[PDB]
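Undergrad: Here you go, one structure.
Cβ coordinates were reconstructed from backbone atoms using ideal geometry, including for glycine residues, and neighbour counts include every protein chain displayed. Laboratory data are not the source of any read-out in this text; all were calculated from the coordinates shown.
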Amino acid sequence: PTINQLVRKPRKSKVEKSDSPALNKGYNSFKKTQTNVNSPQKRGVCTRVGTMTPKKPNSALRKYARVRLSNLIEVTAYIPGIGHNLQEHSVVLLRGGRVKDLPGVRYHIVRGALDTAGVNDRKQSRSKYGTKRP
Amino acid sequence: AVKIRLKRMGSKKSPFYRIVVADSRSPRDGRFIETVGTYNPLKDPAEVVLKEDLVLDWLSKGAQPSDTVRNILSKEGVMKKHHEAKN
Amino acid sequence: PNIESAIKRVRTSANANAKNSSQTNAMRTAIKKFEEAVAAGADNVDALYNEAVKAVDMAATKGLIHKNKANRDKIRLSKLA
Amino acid sequence: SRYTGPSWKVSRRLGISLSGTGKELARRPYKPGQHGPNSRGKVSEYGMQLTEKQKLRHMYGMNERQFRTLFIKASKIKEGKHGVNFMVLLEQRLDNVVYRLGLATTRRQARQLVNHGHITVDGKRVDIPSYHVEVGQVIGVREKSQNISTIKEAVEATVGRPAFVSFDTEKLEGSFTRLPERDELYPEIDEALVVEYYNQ
Amino acid sequence: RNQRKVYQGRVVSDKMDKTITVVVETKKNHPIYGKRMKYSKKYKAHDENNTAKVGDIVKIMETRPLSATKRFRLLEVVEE
RNA sequence: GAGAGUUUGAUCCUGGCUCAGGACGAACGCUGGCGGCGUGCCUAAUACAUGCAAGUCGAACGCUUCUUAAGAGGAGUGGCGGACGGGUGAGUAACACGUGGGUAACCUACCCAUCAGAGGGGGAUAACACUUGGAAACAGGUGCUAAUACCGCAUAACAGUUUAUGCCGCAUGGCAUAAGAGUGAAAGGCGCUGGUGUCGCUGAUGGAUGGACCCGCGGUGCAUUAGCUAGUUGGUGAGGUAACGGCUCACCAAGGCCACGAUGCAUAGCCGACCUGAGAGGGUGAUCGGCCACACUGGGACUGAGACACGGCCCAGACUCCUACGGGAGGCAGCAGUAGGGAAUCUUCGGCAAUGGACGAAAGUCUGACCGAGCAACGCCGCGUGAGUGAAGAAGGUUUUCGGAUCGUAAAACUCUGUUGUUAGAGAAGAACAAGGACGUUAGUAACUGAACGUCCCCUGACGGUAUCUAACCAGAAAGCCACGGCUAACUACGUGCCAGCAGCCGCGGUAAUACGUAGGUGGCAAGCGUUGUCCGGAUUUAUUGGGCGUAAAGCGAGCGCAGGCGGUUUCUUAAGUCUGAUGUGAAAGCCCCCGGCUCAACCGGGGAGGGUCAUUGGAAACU
Ligand SMILES: [K+]
Ligand SMILES: [K+]
Ligand SMILES: [K+]
Ligand SMILES: [K+]
Ligand SMILES: [K+]
Ligand SMILES: [K+]
Ligand SMILES: [K+]
Ligand SMILES: [K+]
Ligand SMILES: [K+]
Ligand SMILES: [K+]
Ligand SMILES: [K+]
Ligand SMILES: [K+]
Ligand SMILES: [K+]
Ligand SMILES: [K+]
Ligand SMILES: [K+]
Ligand SMILES: [K+]
Ligand SMILES: [Mg+2]
Ligand SMILES: [Mg+2]
Ligand SMILES: [Mg+2]
Ligand SMILES: [Mg+2]
Ligand SMILES: [Mg+2]
Ligand SMILES: [Mg+2]
Ligand SMILES: [Mg+2]
Ligand SMILES: [Mg+2]
Ligand SMILES: [Mg+2]
Ligand SMILES: [Mg+2]
Ligand SMILES: [Mg+2]
Ligand SMILES: [Mg+2]
Ligand SMILES: [Mg+2]
Ligand SMILES: [Mg+2]
């Protein structure tokens, strides 16, 4: 564009959007609205727990939970590690992170936090999966 | 009224002071009108750096040194100069 | 008030308001009497003019009005006279 | 944090002798681990640059954070080649000065001496191995410490002192007459690779 | 004595008595691209006798507030 | 000024996506030795138990209770303070803020300096005593009492104003002189000897300080928001204010703003600064400092130099609490702390010793400011978790091509060190002081006390027996986390069999997996490590620096054209742009440069530089 063209209509950049939107919004019980708060994690209650089929390339029974977060937004989160103790009405903590295999999972359930028990027999990468040092 | 007083500086347990002309109502470390010297009590002979001419001018304008600053100005002899200037 | 000095100031400020309102109303009545005399074309206008100026200055004393307000009123009264 | 693990394993991983004796490399000059003895694929350019960076920091027994800050200071120096200046500062580090003077056989030993405070700079105790030693500052052993077998043995054993260091045996006092020259420093290490590494 | 800002401009409204509207017509560099762009500031100046007409080049000096929007006083009329 | 992976059978180009860096008031997972310095409700401007955060003055005044007439209290009146300091940022898109000007349209207690005055009288009321009502909160009645409380009268016009001169400015006008009309004030206390010192009191002026108003320019999004305005725009008067002003009001007009974005909607405290970047820029607006705004919500004024007042008053409302049902009390966004929300943020601690602030003549009293200490690896910095010698290399683990390789000089063993740790001892600076005791010099006096200044003695530490130093003993109590298919430094065994599972992208897993789990090794870093969240970079991926539009996304179907953008040669001139100098300013702190202090560093201190599309002013005239 000419300089006059840019002056008349300046450059405008694309606006990015979060890969983990549910973590970006808080809730104000009094006003009953959603706030704009960036949170590294968020507490939610497991409304449902089960397993899901991956996308076409892969085959498994990926373990997941449908969770209503503390800001009333309902999302689907993955459950990493081998074996878990979660059930519906179990209080969990959620972190960002997609799952390539699964269609609509954008969050991970942190292990070792709140009602999520560490992974039994985990011995390498213990920080992740939330297991104490044996 | 206008004050000549010590603004504290330095670190915890290691104070330093700047002799500054400031309005009495202002916070100690807050707004001040001008810096006129420094004062380091941690030296065995307490070390003082002073703009004697500026301090005398402010005293003539009616600044009121705090107690410690008055001792400092006396030790530097500024107070006697101010007394003679009044004469 | 939760502070003893606050309670003390409540009483004293109330009393000062009583006194100040009384004196200010007195000054206004003096000015009002002179203005009405000017309107009516009375004979004691000059005596009332002196009284109005006297009242305004005495009101400036005691700090019921600012000195600038007092001078503005004096000029206004002088123009009326 | 201070590294304490085996010394030979680190030296042979780097492929050069940290102590300079070559004793570590002489026998089994393989990278540590079970795959070391057998042939290994060539290293990428990033690996080469990383290896040079590791060479310097393992030589002087420093952590990455302190190493990184020191490199930045070297950059601030205006005159002379950047990598050369960085190596000069590495030398001026207090531990290395003790090592060069030969009051300790190894840099670990010199560091422990400084940490325990047996050394004094200009007659003043200094327990900071990281301490920066200027040209002309006199590094000496604490008077109480002078009669300990370790430092005395190290002095008698060390027979070659770099030109830039000046040392007195009886007083056990040394100092850098001048900043070390590039060739006086370790030549096997290539400072340009380290410079480019931190350029990232 | 300190000086008040005086501006040159062109009258654009005289339908109000004892006052005129002037336009300064400056240019400013665009912050990003730096081209000079025409910028128009207009002032309401008090006219003592409605001398100045529309489309007249006049000078105005800043003054104390004379009305809600007046802040300037007419000085000269250089072109009609 | 570093790139890399991924479209294909393969290739080049285009293009998006993803990664390698840094940062944080972070949180979470595992782990966890210490010290220095700093930081710690980002969410509910949600509600708040409890304790404290604003008092002081007896040398303004009159009372009242005790100690053998003392000192110590107790409540009055009166003075100053309470408008500072501390908290939060809700609101606010606005001269709120930033920067630079203007005010001849301004005010200012306490502090300095100058010139004057400081005379005469008077009536009160608290307190007190009784006494009415009330459940309480608290209101009343009667009778006394003082003041530096209150009111008159006297004198003061230098204030303001008019006039007349002289000078000057930027229109209104400013300054000085003279004259003139009308009126305006005050308080005494302590102490020397009627005089007098000192602190007070009154008027005028000037200074400093603080505040106030106006103005140029600068910094959010949305036009799938285009009309807005009726005291609105201006005038004439009048009133009001510290002051200009539609600030308000009566008349007179119909004007004012707006595509150079009005208005409306949404979001937001602004800045110095901070993070990133090669830079241009992008993001942020914690801690620290400046300004602004707010104090349960809404409104109002009173006192005052100063408030429309966080810990003041009045009214209304929501909520909490007390009632004897008549009526009352309250406001943590002060310091701690509690509940609640949340992923998530601390002790209901010590002291006024230092610096600062209020009152006092001063001792001193008050100060949750502020000094410290406490808790959190939350961050940065610093030091350890030993050092030296030590085998063709012990056992065991792992792995074997069964020979052997690797963990590995690592261990063991021997010789040394105590940073730390434990134990004992010794031990700061931070303290200047004020008052008080002595003298001495100035000015003033007749003389003194006394004032200002000067020199000695005396006097005080919460931190705290804290830092630190010395000496004895012991390798003894003190290393984890993640990663190892490529990007990417780091590889083999089992177990598993498109399962269990991994994953940032490519993608791994279907019985021989360096990609899953475990193991052994190895790499990275280290009292941290990693994950998530968010910002910048890489991203030339909005390209001003720095991209494109024949076929990859992209030339309107074409023209006529208002505004706008741009514009042929040349003489002279101008100096808006442009270049350049000087001056002023762009606070302090923080970056950056020198120089110092902490054993180093972090940190702290000193001196510089920088930082503006800045204002004033002087130059140049090529280009616009
Ligand atoms: K009082
Ligand atoms: K592919
Ligand atoms: K690509
Ligand atoms: K006050
Ligand atoms: K401005
Ligand atoms: K008007
Ligand atoms: K705000
Ligand atoms: K309000
Ligand atoms: K208050
Ligand atoms: K104090
Ligand atoms: K108190
Ligand atoms: K003191
Ligand atoms: K991998
Ligand atoms: K371009
Ligand atoms: K075409
Ligand atoms: K020009
Ligand atoms: Mg893994
Ligand atoms: Mg001292
Ligand atoms: Mg560290
Ligand atoms: Mg808050
Ligand atoms: Mg807000
Ligand atoms: Mg009085
Ligand atoms: Mg860039
Ligand atoms: Mg409060
Ligand atoms: Mg010790
Ligand atoms: Mg590799
Ligand atoms: Mg694996
Ligand atoms: Mg870019
Ligand atoms: Mg096509
Ligand atoms: Mg096409």
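Undergrad: Fewest first, what order do D:127, A:101 take by the number of other Cβ atoms within 10 Å?
TA: D:127, A:101
Undergrad: With an 8 Å Cα cut-off and a minimum separation of 6 or more residues, compute the relative contact order for chain A in percent.
TA: Relative contact order for chain A comes out at 19 percent.
Undergrad: Compute the distance in nm between two label points, each set 7 Å from the Cα along the Cα-to-Cβ direction, one at residue C:36 and one at residue D:200.
TA: Distance between the two pseudo-spin positions: 8.9 nm.
Undergrad: Counting partner chain Cβ atoms within 10 Å of every residue's Cβ in E:30-43, what's the average?
TA: 2
Undergrad: ³J(HN,Hα) across the stretch B:23-30 via Karplus (A = 6.51, B = -1.76, C = 1.60, θ = phi - 60°), whole Hz, x for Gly/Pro?
TA: 6, 4, 5, 5, x, 4, 8, x
Undergrad: Going 7 Å from the Cα of residue D:63 in the Cα-to-Cβ direction, what parts of the stretch A:94-134 have a backbone nitrogen less than 18 Å from that spot?
TA: none
Undergrad: May I pose another question? Would you check chain E for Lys pairs whose C-alpha atoms are within less than 13 Å, ignoring same-chain pairs closer than 8 in sequence, and give me the count?
TA: 15
Undergrad: Shifting gears a bit: Report the FRET efficiency, 1/(1 + (r/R0)^6), for residue B:12 and residue D:156, where r is their Cβ-Cβ distance and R0 is 56 Å, rounded to 0.05.
TA: So, using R0 = 56 Å, E works out to roughly 0.70.
Undergrad: Also, I was wondering about something else. Using a 10 angstrom cutoff on alpha carbons, build the Gaussian network for chain D and name the most mobile of D:130, D:44, D:11.
TA: With Cα springs under 10 Å in chain D, the top fluctuation among D:130, D:44, D:11 is at D:44.
Undergrad: What number of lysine-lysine pairs in the stretch D:15-102 show an alpha-carbon separation below 28 angstrom, given a sequence spacing of 8 or more or placement on distinct chains?
TA: So the count works out to 18.
Undergrad: Next question. Stretched out fully, how many nm does the piece from residue B:28 to residue B:51 gain, at 0.36 nm a residue minus the Cα gap? Don't skip to the answer; put the middle values down first.
TA: Numbers: separation 23, 0.36 × 23 = 8.28 nm, distance 2.03 nm.
Value of the extension gain: 6.3 nm.
Undergrad: Using 7 Å Cα-to-Cβ label points, what is the residue B:43/residue B:60 separation (nm, one decimal)?
TA: For the pair residue B:43/residue B:60, the computed spacing is 2.8 nm.
Undergrad: Let me ask something additional. For the stretch A:46-53, just list the computed ³J(HN,Hα) in residue order, Karplus coefficients 6.51, -1.76 and 1.60, θ = phi - 60°, integers in Hz, with x standing in for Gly and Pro.
TA: 5, 6, 7, 9, x, 10, 9, 7
Undergrad: Here's a follow-up. Considering Cα pairs under 8 angstrom that are at least six residues apart, work out the relative contact order of the stretch D:1-91 and quote it in whole percent.
TA: On the way: 62 pairs, mean separation 19.6, N = 91.
The value is 22 percent.
Undergrad: Okay, moving on. Suppose the chain between residue C:44 and residue C:23 were pulled fully straight at 0.36 nm per residue; how much longer would it get relative to their current alpha carbon spacing?
TA: Numbers: separation 21, 0.36 × 21 = 7.56 nm, distance 2.31 nm.
Result for the pair: 5.2 nm of gain on full extension.
Undergrad: Quick one: compute the contact order of chain B, relative version, from alpha carbon pairs under 8 angstrom and 6+ residues apart, as a percent.
TA: Details: 135 pairs, mean separation 22.9, N = 87.
Computed value for chain B: 26 percent relative contact order.
Undergrad: A further question on this structure: Mind ordering D:71-84, A:83-96 by average Cβ neighbours within 10 Å, highest first?
TA: Ranked by mean Cβ neighbours within 10 Å, highest first: A:83-96, D:71-84.
Undergrad: Near residue A:133, within a Cβ-to-Cβ distance under 11 Å, what is the net charge of the other residues, with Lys and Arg +1 and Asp and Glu -1?
TA: Net local charge, residue A:133 excluded: +4.
Undergrad: As an exercise, use a Förster radius of 56 Å and the Cβ-Cβ distance of residue A:66 and residue D:35 to find the FRET efficiency, rounded to the nearest 0.05.
TA: The calculated FRET efficiency here is 0.75.
Undergrad: Amide H neighbours of residue A:107 under 5 Å, counting only residues 5+ apart in sequence or on other chains, H built in-plane at 1.01 Å?
TA: Residues meeting the criterion, in which the H sits 1.01 Å from N, are A:78.
Undergrad: What does the net charge come to around residue E:52 if you take all other residues with beta carbon closer than 11 Å to its beta carbon, with K and R at +1 and D and E at -1?
TA: -4
Undergrad: In whole Å, what is the distance between the alpha-carbon centres of the stretch A:90-123 and the stretch B:43-80?
TA: One Cα centre to the other: 68 Å.
Undergrad: Considering only the other residues whose Cβ falls under 15 Å of the Cβ of residue D:148, what net charge follows from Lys and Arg at +1 and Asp and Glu at -1?
TA: 0
Undergrad: Rounded, prolate or oblate for the protein assembly as shown? Axes are the square roots of the Cα gyration tensor eigenvalues, ordered a ≥ b ≥ c, and the cut-off for rounded is a/c under 1.5. Mind dumping the intermediate values first?
TA: On the way: a/c = 2.27, a/b = 1.64, b/c = 1.38.
Since a/c reaches 1.5 and a/b is larger than b/c, the shape of the protein assembly as shown is classed as prolate.
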